[PDB]
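Undergrad: Chains A and A', in that order, are what the protein sequence lines are. A prime marks a further copy of an entry chain.
To convert, note that position 53 of the first sequence is 53 in the deposited numbering; the numbers rise steadily by one, no gaps.
To convert, note that position 301 of the second sequence is 301 in the deposited numbering; the numbers rise steadily by one, no gaps.
A virtual CB, placed ideally from N, CA and C, is assigned to each residue, including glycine.
Protein chains: 2
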Amino acid sequence: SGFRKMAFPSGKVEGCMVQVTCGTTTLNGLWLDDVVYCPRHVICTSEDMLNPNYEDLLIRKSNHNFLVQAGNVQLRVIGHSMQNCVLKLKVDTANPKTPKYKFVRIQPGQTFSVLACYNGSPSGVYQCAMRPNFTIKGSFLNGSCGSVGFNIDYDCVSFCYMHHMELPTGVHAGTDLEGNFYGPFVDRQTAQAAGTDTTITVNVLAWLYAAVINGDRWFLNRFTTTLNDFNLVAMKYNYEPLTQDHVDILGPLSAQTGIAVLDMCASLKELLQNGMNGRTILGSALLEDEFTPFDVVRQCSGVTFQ
Amino acid sequence: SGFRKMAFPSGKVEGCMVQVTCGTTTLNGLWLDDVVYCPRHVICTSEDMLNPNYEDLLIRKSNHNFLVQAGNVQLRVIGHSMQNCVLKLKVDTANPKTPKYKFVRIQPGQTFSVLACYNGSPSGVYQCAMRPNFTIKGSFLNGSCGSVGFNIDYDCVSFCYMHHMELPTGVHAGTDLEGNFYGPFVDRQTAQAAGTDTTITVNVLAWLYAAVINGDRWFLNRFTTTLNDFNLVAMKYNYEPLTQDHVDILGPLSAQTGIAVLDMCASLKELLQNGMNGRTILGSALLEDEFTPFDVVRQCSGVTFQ
Ligand SMILES: [Zn+2]
Ligand SMILES: [Zn+2]
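#1: Determine the DSSP secondary structure at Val-202(A), reduced to helix, strand or coil.
#2: Have a look at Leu-242(A'), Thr-24(A') and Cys-117(A') and flag the residue whose alpha-carbon is nearest the alpha-carbon of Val-204(A').
#3: When the Cα atoms are used, what is the spatial distance from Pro-108(A') to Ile-249(A)?
#4: Short check: CB of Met-165(A) to CB of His-172(A), under 8 Å?
#5: Are the CB atoms of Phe-291(A) and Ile-152(A) nearer to each other than 8 Å?
#6: Taking 7 Å as the cut-off, is the CB of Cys-145(A') close to at least one heavy atom of ligand 2?
#7: At a cut-off of 7 Å, is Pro-52(A') close to ligand 2 when judged by its beta-carbon and the heavy atoms of the ligand?
#8: Taking the straight line between their C-alpha atoms, what separation do you get for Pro-132(A) and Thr-45(A)?
#9: Tell whether a beta-carbon distance below 8 Å holds between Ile-106(A') and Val-91(A').
#10: Note down, in chain order, every chain A' residue with its Cβ under 7 Å from the Cβ of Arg-279(A).
#11: Mind checking whether the beta-carbon of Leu-27(A) lies closer than 7 Å to any heavy atom of ligand 1?
#12: Hey, how far is the Cα of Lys-88(A) from the Cα of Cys-156(A)?
#13: Can a CB atom of chain A' be found closer than 8 Å to the CB of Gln-19(A)?
#14: On the DSSP bridge list, what partners appear for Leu-75(A')?
#15: Return the bridge partner residues of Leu-227(A') from the DSSP annotation.
#16: Report yes or no: is there a C-beta of chain A within less than 8 Å of the C-beta of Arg-4(A')?
#17: Between the region 27-45 of chain A and the region 55-72 of chain A, do at least 3 Cβ pairs fall closer than 8 Å?
#18: Pick helix, strand or coil for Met-17(A'), following the three-state DSSP scheme.
#19: In chain A, which residues lie with their C-beta within 8 Å of the C-beta of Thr-304(A')?
#20: Ligand 1 and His-80(A'): does the residue's C-beta get closer than 7 Å to at least one heavy atom of that ligand?
#21: Using a Cβ-Cβ distance under 8 Å, would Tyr-209(A) count as near chain A'?
#22: From this set, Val-35(A), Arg-40(A), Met-17(A) and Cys-16(A), which residue's C-alpha is nearest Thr-25(A)'s C-alpha?
#23: Check whether the Cβ of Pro-132(A') sits closer than 7 Å to any heavy atom of ligand 2, and report yes or no.
#24: So which residues of chain A does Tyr-126(A') contact, with C-beta pairs closer than 8 Å?
#25: Just the C-alpha distance for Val-233(A') and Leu-272(A'), rounded to the nearest angstrom, thanks.
#26: Mind reading off the beta-carbon distance from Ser-113(A') to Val-125(A')? Whole number of angstroms is fine, and I expect it under 8 Å.
#27: So is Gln-74(A) in contact with chain A' if we call contact Cβ pairs under 8 Å?
#28: Between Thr-98(A') and the rest of its own chain, which residues show a CB-CB distance below 6 Å, the 5 nearest in sequence each way excluded?
#29: With DSSP as the reference, identify every bridge partner of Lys-102(A'), one or two as the case may be.
#30: According to DSSP, simplified to helix, strand and coil, what is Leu-32(A)?
#31: Any heavy atom of ligand 2 inside 7 Å of the beta-carbon of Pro-39(A')?
#32: Going straight from the alpha carbon of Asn-53(A') to that of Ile-136(A'), what length do you get?
#33: Within the continuous alpha helix (DSSP H) that includes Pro-252(A), where are the two ends?
#34: What three-state label does DSSP hand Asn-151(A) in the structure shown?
#35: Would you give the residue range spanned by the alpha helix (DSSP H) that residue 351(A') belongs to?
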């Protein structure tokens, strides 16, 4: 029993973290097989980030300008190229600690673990979610760029996020491992406002199921609702509209607990309209939306990873 | 910027996890040098846990009855002994992945990371705290016994917790790595009620400093207080009494932010007496007490680990 915000074990990713330095700028890179992936703004000075022309800046860089250090060992760079907003540094040595891995572009509402790193060294691991407005709410100080987000399925690490930017509002933006930003953001120090931070309804419901499974049940009520009726309430409270696809994904949790998805929606409706009256659910005083239905099933059954 | 509940990178501990089976019972062990540490109730049947005589049960076990598997490899057990509530299985092979390590018995209010494991395989990592009543609020399903809690200082893993028991109230009890339970709990399936779950005042204050550093400032007020006056309020709200030792530990955070410890206490006093009026601090709608002052300084400065 008990339910915690839980990150994936980070060892497989720790073995892939390297330091990348170009000129006066040092951030983190990801070493997989014989390629190191890092944010392209490693080639920028602080002044460059106001309006960088990355293709022109990269013309002034050669392979030997990219200093790559894996712990104490220096890696030899034998090629470099830019793919969207990431650089791919080809090195002459395959990472012997390369895990089975994939690159995946995640959807808003999906969760992943972040291994915060500085100077190529891991600092901590935590869980977060791709917000509907394509930001993440992380913990990143200067030097953390190139830290990555990931999911693990048994023995395969699916890399989904590379950190690039902090918005002036303190939220975070980054890319997939193909270098494409999530959302409209760009690797330029400019005005970039985030859209509405909408709540991930299907994740709140999954978390309510997790609560019931663990004995927090005070919020269950005698009511039901419909998708269209619930969504009128979701709109009022800046929740994502619930779809039948979401209802289907919650099916296993509905089956396990015997609480129909729409009955749980009616519990959520009352919590939105009335608040939590000074009480808590799973140690939280607000509705938590960074557990997916798959996260809940995983933690409530005890799935492991090779 | 940003502040997250962050666990230590778990790779060093992942390399120490093994599966231990005795008879029909399987849990987790910790393999360090040529010793495997696990809960002694691995020798119990479910029936035994109502009133086990561990010394009598262990007389019926030989070295070959302790099956120890590190991933796919079987370890050869060449000796066994009981130390308090843990078993020490001597094996014929030193763990080649043994990190620099220490065993430490932590104090209530201190935090640590837990690597939840099943069948010797890591499942997830999360942060938690030793509660003042010597329980922890974890995420442990059947099979998770022998999972460990730990802190990391640069390259040295300080192991502080081994999981043994879930109380009927759903909280968790365990031992240090010398086998001594935290608090009054015993490895017997009996009536064991936990004392008052008191809030860790010094940690709440540290977290308020973290909030200010990150721009959440609405709760600062025009007031101050004294230690004795604040503690009258702490008592009313089941908070730990604040001592001058706590004030001293918060000194660096006071110095950095320019907010005197007792002024922050007056902010906390008002939050306790008036609530949070439907607002949030660092994404929480309640006062968070599982960040230590050292946790806050670490995450706000970006310390890493070899
Ligand atoms: Zn950067
Ligand atoms: Zn057990």
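TA: Here's the rundown:
#1: helix
#2: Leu-242(A')
#3: 41 Å
#4: yes
#5: no
#6: yes
#7: no
#8: 31 Å
#9: no
#10: Those do not exist, as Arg-279(A) stays about 10 Å from chain A' at its closest Cβ, beyond 7 Å.
#11: yes
#12: 21 Å
#13: no
#14: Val-68(A')
#15: Note: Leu-227(A') sits in no beta bridge, so no partner.
#16: yes
#17: yes
#18: strand
#19: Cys-117, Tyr-118, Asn-119, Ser-121, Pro-122 and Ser-123
#20: no
#21: no
#22: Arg-40(A)
#23: no
#24: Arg-4, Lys-5, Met-6 and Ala-7
#25: 8 Å
#26: 6 Å
#27: no
#28: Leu-32 and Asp-33
#29: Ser-158(A')
#30: strand
#31: yes
#32: 26 Å
#33: 251-257
#34: strand
#35: A question about residue 351(A') goes unanswered here, because the residues of chain A' that appear run from 1 up to 306.
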